[PDB]
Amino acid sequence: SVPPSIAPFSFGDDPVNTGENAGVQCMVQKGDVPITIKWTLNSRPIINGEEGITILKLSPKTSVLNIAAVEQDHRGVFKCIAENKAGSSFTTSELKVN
């Protein structure tokens, strides 16, 4: 009956240049399975392929996000949301683009 906890992630506090290969990982630490992991960008759900963003479920507790070529469209607050029977958690990181 353990609720999900998530390790912090960050694109870095320095703005990113267009064309860079950037990414973060949503790694659930403690938490009962089954767990669902999902993403939003500026509160809109994003899934693999949307806006050129790669999102891949590496394991039941890890989601990998990769932006192969950063654009100004990718600017904003990325949120990972992890949910199971016992509770839910989210953590965020703002991507800044020069």
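We number the residues from 1 along the sequence you see.
Undergrad: Averaging only over Cα atoms, indicate whether 80 to 88 or 11 to 19 has the higher B-factor in the PDB entry.
TA: Between 11 to 19 and 80 to 88, it is 11 to 19 that shows the higher mean C-alpha B-factor.
Undergrad: So 21 to 29 or 70 to 78, which one's hotter by mean CA B-factor in the entry?
TA: Comparing averages over the C-alpha atoms only gives 70 to 78.
Undergrad: Which third, lowest, middle or highest, does the C-alpha temperature factor of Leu58 belong to within its own chain?
TA: Its C-alpha B-factor belongs to the middle third of this chain's values.
Undergrad: Based on the entry's values, in what third of the chain does the Cα temperature factor of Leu65 lie: lowest, middle or highest?
TA: Tercile = lowest for this residue's CA B-factor.
Undergrad: Is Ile37 in the lowest, middle or highest third of its chain when residues are ranked by C-alpha B-factor?
TA: It belongs to the middle third of the chain when residues are ordered by C-alpha B-factor.
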